[PDB]
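Student: The structure under discussion is supplied below as structure tokens; questions concerning it will follow.
Just so you know, all these numbers are worked out from the coordinates, no wet-lab data involved. With ideal geometry, Cβ positions are generated from the backbone for all residues, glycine too; neighbour counts draw on all protein chains shown.
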Amino acid sequence: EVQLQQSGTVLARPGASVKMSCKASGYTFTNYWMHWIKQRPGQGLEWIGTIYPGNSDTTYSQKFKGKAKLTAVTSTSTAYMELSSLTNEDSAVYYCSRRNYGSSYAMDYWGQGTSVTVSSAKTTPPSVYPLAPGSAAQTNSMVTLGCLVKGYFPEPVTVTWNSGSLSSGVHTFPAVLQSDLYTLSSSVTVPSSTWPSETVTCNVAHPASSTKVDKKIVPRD
Amino acid sequence: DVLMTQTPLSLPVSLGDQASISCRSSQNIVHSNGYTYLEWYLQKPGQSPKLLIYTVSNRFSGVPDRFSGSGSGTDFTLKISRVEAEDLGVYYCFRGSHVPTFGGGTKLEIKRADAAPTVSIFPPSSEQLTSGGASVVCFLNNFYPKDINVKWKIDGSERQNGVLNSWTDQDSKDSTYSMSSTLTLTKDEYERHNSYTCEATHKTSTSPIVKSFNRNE
């Protein structure tokens, strides 16, 4: 099984640099070109450059020369990318991908991506608020519950219900930024026969502040 | 010049229809060995981009026979016969030979029948109240089309300030949209009024869908 594992989310200050990694496994690391791609919202996908791990030969897009630096360590089958002189324009999700040959000629396997945020705003953990219906008369055969996630920085936050066992009828909305603080929410609709009879809990993870918050949804009044 | 231009930017299509996406290069791109390294990648929200087609017309493993690639010289086309609900996302063409370059992408969206939103409104939790804040939340789920506006009422009075809205990506199964609207006030403000109302104006009605509660329940 071919696998490309990328490092975690990064919050860097303008002007600084960041170095992320892509650990390869499941194939001969040194025989294939490794590529790096930028995914900035509203820009689409952009090719940054590539390195042949066997001898570290690199080729870069003109736009990224002097911005990106690609390296590789064969002993640990890990490829790296360093972005320097960061500006807000560098805030994006960065992917590594293997260029195959033989059975296919293209980028067949991709890492899960590394989110980078360039800003001077301070890291803040998420305030998680349980959302229960205001009245019992506002509960029929189906009941919608939710969790409001406010005042956190930087993105991303990940949300699950009942540790992932509750996945049907869930809507997790994209985060919105307001004065250096993000806000997002998630709704879940379940049978009234299951709640409040059975417990419903939203789980919020914020790796950027190494925090996890679990909030049980309980009836008001 | 060698820039890759995709047409169109957005491709609204009905289920069962045939979808066609163009990608033209500003220069012939056939490699010296006679092969053309032109690929198509697809990226769905929350996922990594993934390979669909390589060397112009070769389908990658796990890709539906419905996706077909063709073209020559400077004109390439990705055709999706019998579009299905889960085909939505952003399709990108990409030149893999010298100075690998991505086209600007084409967002495939599904057109379907109209649907009214299921509305739910929620008072501020006691935890947030303790911190001195008060957000009233409203979810408008599973509706179509995407165009919709929310109206917040406090004791019958319209309120526009302090509202934060977010919309989900189109649903890959029912092709509808969902949105969340959060009206944030201070605890003191929230405590001076009683009636909170969330109202949706969608072309599925001449009379909006109203949902509310009283700080008395």
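Student: Give me the residue from the range A:98-107 that is in contact (Cβ under 8 Å) with a residue 60 or more places away in the chain and surrounded by fewer than 21 Cβ atoms within 10 Å (Cβ to Cβ) and, out of that set, farthest from A:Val18 (Cα to Cα). Steps first, answer last, please.
Tutor: Filtering the range A:98-107 down to residues in contact (Cβ under 8 Å) with a residue 60 or more places away in the chain leaves A:98-101, A:107.
Narrowing the set further to residues that are surrounded by fewer than 21 Cβ atoms within 10 Å (Cβ to Cβ) leaves A:99-101.
Details: A:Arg99: 24, A:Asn100: 28, A:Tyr101: 31 Å.
Restricting to residues being in contact (Cβ under 8 Å) with a residue 60 or more places away in the chain and surrounded by fewer than 21 Cβ atoms within 10 Å (Cβ to Cβ), the top hit is A:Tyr101.
Student: Here is a further query. Just give me the residues in the range A:36-59 being within 10 Å of chain B (Cβ to nearest Cβ), touching a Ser or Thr at 6+ places or on another chain (Cβ under 8 Å) and either crowded, with 19+ Cβ neighbours inside 10 Å or among the polar types (S, T, N, Q) (or both), in sequence order.
Tutor: Selection gives A:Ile37, A:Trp47, A:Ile48, A:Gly49, A:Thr50, A:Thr59.
Student: Further question on the same structure: Sort through B:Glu158, B:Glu127 and tell me the only one that's over 17 Å from the mean Cα position of the chain (by Cα), away from chain A (no Cβ under 13 Å) and either loosely packed, with under 13 Cβ neighbours inside 10 Å or not in a strand (DSSP E or B) (or both).
Tutor: Working: B:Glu127 fails: away from chain A (no Cβ under 13 Å).
After ruling out the rest, the residue left standing is B:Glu158.
Student: Any residue that is under 18 Å from B:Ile154 (Cβ atoms) and outside any loop (DSSP other than H, G, I, E, B) - is there at least one of those in the range B:100-119?
Tutor: The first filter runs over the range B:100-119 and keeps only residues under 18 Å from B:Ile154 (Cβ atoms), leaving B:119.
Subsequent filtering for residues that are outside any loop (DSSP other than H, G, I, E, B) retains B:119.
Yes, that holds for at least one residue.
Student: Looking at the range B:192-208 only, could you name the residues that are in contact (Cβ under 8 Å) with a residue 40 or more places away in the chain, more than 14 Å from every other protein chain (Cβ to nearest Cβ) and of a type outside the set (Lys, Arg)? Steps first, please.
Tutor: Just the residues of the range B:192-208 that are in contact (Cβ under 8 Å) with a residue 40 or more places away in the chain, to begin with: B:195-205, B:208.
Right, trim to more than 14 Å from every other protein chain (Cβ to nearest Cβ) and you get B:199-205, B:208.
Once the filter is applied, which keeps residues that are in contact (Cβ under 8 Å) with a residue 40 or more places away in the chain, more than 14 Å from every other protein chain (Cβ to nearest Cβ) and of a type outside the set (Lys, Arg), the range B:192-208 yields B:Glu199, B:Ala200, B:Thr201, B:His202, B:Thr204, B:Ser205, B:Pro208.
Student: Could you figure out which of (1) part of a loop (DSSP other than H, G, I, E, B); (2) over 25 Å from B:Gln170 (Cβ atoms) isn't true of B:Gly16?
Tutor: So the condition that B:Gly16 fails would be (2).
Student: Consider the range B:98-124. How many of its residues are farther than 30 Å from B:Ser14 by Cα, surrounded by fewer than 22 Cβ atoms within 10 Å (Cβ to Cβ) and aliphatic (A, V, I, L, M)?
Tutor: Here the count works out to 1.
Student: Checking A:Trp33 against (1) more than 21 Å from the chain's Cα centre (by Cα); (2) away from chain B (no Cβ under 11 Å); (3) among the hydrophobic types (A, V, I, L, M, F, W, C), which test does it fail?
Tutor: With respect to (1) more than 21 Å from the chain's Cα centre (by Cα); (2) away from chain B (no Cβ under 11 Å); (3) among the hydrophobic types (A, V, I, L, M, F, W, C), A:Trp33 is out only on (2).
Student: Would you please name the residue that is nearest to the other protein chains (Cβ to nearest Cβ), looking only at residues in the range B:51-69 that are assigned to a strand (DSSP E or B) and surrounded by fewer than 19 Cβ atoms within 10 Å (Cβ to Cβ)? Give the steps one after another, and end with the answer.
Tutor: So the first thing to find is which residues in the range B:51-69 are assigned to a strand (DSSP E or B), and the list is B:51-54, B:58-59, B:67-69.
Within this subset, residues satisfying the condition of being surrounded by fewer than 19 Cβ atoms within 10 Å (Cβ to Cβ) are B:58-59, B:68.
On the way: B:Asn58: 7, B:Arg59: 10, B:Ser68: 16 Å.
In this case the residue turns out to be B:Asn58.
Student: To continue, here is another question. Could you pull out the residue among B:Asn28, B:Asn33 that is part of a loop (DSSP other than H, G, I, E, B), surrounded by fewer than 16 Cβ atoms within 10 Å (Cβ to Cβ), without any contact (Cβ under 8 Å) to a residue 24 or more places away in the chain and more than 8 Å from chain A (Cβ to nearest Cβ)?
Tutor: The conditions single out B:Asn33.
Student: Does B:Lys187 qualify as being of a type in the set (D, E, K, R) and farther than 18 Å from B:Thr118 by Cβ? If you could, list the steps in order and put the result at the bottom.
Tutor: Numbers: of a type in the set (D, E, K, R): yes; farther than 18 Å from B:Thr118 by Cβ: yes.
Yes: the conditions hold for B:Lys187.
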